[PDB]
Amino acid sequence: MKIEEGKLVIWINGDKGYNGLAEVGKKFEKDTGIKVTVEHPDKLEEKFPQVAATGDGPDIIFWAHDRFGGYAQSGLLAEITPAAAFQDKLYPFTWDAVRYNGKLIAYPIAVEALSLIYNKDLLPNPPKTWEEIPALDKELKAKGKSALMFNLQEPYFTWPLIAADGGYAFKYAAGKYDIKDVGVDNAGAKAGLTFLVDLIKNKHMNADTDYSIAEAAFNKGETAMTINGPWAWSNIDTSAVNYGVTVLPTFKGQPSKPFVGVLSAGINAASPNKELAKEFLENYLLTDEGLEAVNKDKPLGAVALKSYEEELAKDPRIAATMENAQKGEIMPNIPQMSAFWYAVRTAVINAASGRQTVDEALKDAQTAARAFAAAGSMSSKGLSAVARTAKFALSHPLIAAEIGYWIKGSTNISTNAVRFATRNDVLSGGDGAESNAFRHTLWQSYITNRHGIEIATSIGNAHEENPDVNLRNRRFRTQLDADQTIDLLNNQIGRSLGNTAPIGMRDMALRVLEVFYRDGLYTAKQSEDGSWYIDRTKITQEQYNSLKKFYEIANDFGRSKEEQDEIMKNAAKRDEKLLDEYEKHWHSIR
C-alpha cells in the first residue's frame, strides 16, 4: 500500500524534537492501538512534494507554514475541519497562517518572531520607540559603546521597521493572498527605509553590518541592542551579557511588524488515515501534556495553544516572541515570495549604501516583485521591458544613474545622445528613422566604451520587449515590430564601435556619423501592402558635413561654447543673486 491504512507516519525535521513526538505517539498506541512512527528524513522540504504527487508520502508533516501554501496549490494537503471548541483553543492569528483559498490546510503548532535583545549597557527603560534610538547612541558613543546593531544585508531583519508605518509583502484577505498587490514602494515603506538610511547617514549604524558582526558585537558587550530571534539565544546565553528580550521599538506610533513563521502540521491528501491523524493532533499533540513532551526534547518556543502559551509566557523571552508575532506580519505561504526576497534584498542594500535613493530603489523593487510574481519564475525570460530595466537598476544602481532617461538640460548619457542626434533637425525624425538609429548606436557605443559589452547588451536588451527576436527576418507586419529589430541590430554595431580605448561622447559621436555615412544604419521603410522592411540607410553628404562641423565645435555634452556659456552664466546669476541677498544680512562691500 503506497500509504498503509491503520497506522500513522509522521515526518518532522531533526531540529524540532522528533523523540518527544514518538512519546506522544506511545500514549496514542496505549489508548488506541494505532502505531505512530516518527521519521526525520533529510530534504524533507523537497522530499514530500515528489512522493505526495505519486501518493507515497507520510500521513502527517511538521514544517513551517510558508511551504504549505504551495503544497495545497499542488493538491497535496487535505482540508482541516476542526470543531469550534478546538479551534477556539488556539490563537486566531495562527489559523490565518495555514489558510489557502479560505480553507484550513494545517494545524498551527508553534510561533516564531524577531525580537529585541538588550544588555546591562542600557538594561533600564529599553527603547520603546525607534525615534529615540539615535539619541541614546551618543550617550553610549561617549562610553565608546555602540547602541544598536542588527543584520542589514538580509531583508528579514530590516522588514520590521519598514513595514510598521505601512508596508507589506502581499495583501491578505479571507484566507487568500493577492499576488498583484505588493507593499513595497508605499508611503509607509518609504518612511521606514528612510529612517534606516538616515541612521546610517548620521553614523548611528554602519550599513555593512553582517549577522555575524552584529552577533559578535552584542556578545562582547560592544553594542547595547540587537535584533535577532530565538535561534541565537543559546550563543548569547553562554556569554554573560545579561540579556533580556522585549518588544521591538515603535515607529511613528505604530508597532514593528516582523515576519512570523508558524510551525504547522498538515495531512496528506493521499493518506487513508486522515481521521486517525486528526485524532492524534487534536486530542493528543495539541494538548498541554503532549506539547510539553515536544517542548522538553527541543524548546519549541512560543506555542499556538493558549493554555500552554500562558504557562510558557512565564519566561519573558517567550512572551516577547509571541507579542512581536501578534504585532507582526504572517509570512505569506504563497510560492511567489521568491520575487519579494530578491527585489527587497537588493533595494535595501542599494538605499542603505547610498548607491540608490530610497524612492527609486523601492519603485524598482515593486516593479520587479510584481513581474516575477507572474510567470512564477525568477527567470527573466518573457518579462516586460519595464521589469528588466528595473531589474537592471537594482543590479547596477550607480551605472543606471549615469545611463539615465531623457531630462531637459540633463548631462547624463541618455540625454546627451539625444542632443547629438537631434542637432538642427539634420537627421530624419520619428520612429524607425535616421535620428533613432543615431541615438541607439551612440547610446550603446558610449556605454560599451566606459562599462563593457555585457553591461551594454543587458540594458539594450532590457529596453526591448522581446530581445530574443530572430534578427534574420527583415519584414514585419507592424512598424513597432520593425523598430524592435532595428534597435537590436543597431545596438550590436554600437557595441562593436565602443569596444575601444576610452574616448569622449563627441569623438564617439563622430564615429557613429562616419559609419552612418559610409556603412549605414538600419531604418524602417514601408512597402505597398502595408508591410515594413528594414535595411541599412546611408546619410547624405550634406547631413554628414553639417553634423561633423558642429560636432567638431562642441564638448562631450553635445553643446557649443555659446550654449554652455549661456547656462554657466545663467547659473552664475542664480548662484550670485542669492549671495547678494545673503550679503544684506552681513553688511559687505558690495
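Position 1 is the first residue in the sequence shown; the rest follow in order.
Colleague: On mean C-alpha B-factor from the PDB entry, just flag whether 198 to 206 or 361 to 369 is the higher one.
Modeller: The recorded data point to 198 to 206.
Colleague: State which stretch shows the higher mean Cα B factor in the entry: 133 to 141 or 380 to 388.
Modeller: Mean CA B-factor is higher for 133 to 141.
Colleague: Highest Cα temperature factor in the entry, among the options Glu279, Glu215, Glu329, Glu154: which one is it?
Modeller: Among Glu279, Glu215, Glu329, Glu154, the PDB entry lists the largest C-alpha B-factor for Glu215.
Colleague: Among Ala269, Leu291, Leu104, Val111, single out the one with the highest C-alpha B factor in the record, please.
Modeller: Highest C-alpha B-factor among the listed options: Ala269.
Colleague: With respect to C-alpha B-factor, does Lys120 fall in the lowest, middle or highest third of the chain as deposited?
Modeller: For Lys120, whose C-alpha B-factor we compare with every modelled residue in the chain, the answer is the highest third.
Colleague: Grab the CA temperature factor for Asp431 from the record and place it in the lowest, middle or highest third of its chain.
Modeller: Highest third of the chain for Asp431's C-alpha B-factor.
Colleague: Comparing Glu311 with the other modelled residues of its chain, is its CA B-factor in the lowest, middle or highest third?
Modeller: It falls in the top third of the chain.
Colleague: With respect to C-alpha B-factor, does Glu222 fall in the lowest, middle or highest third of the chain as deposited?
Modeller: It belongs to the highest third of the chain when residues are ordered by C-alpha B-factor.
Colleague: Where does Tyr551 sit by CA temperature factor within its chain: lowest, middle or highest third?
Modeller: As the PDB entry reports it, the C-alpha B-factor of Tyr551 lands in the highest third of its chain.
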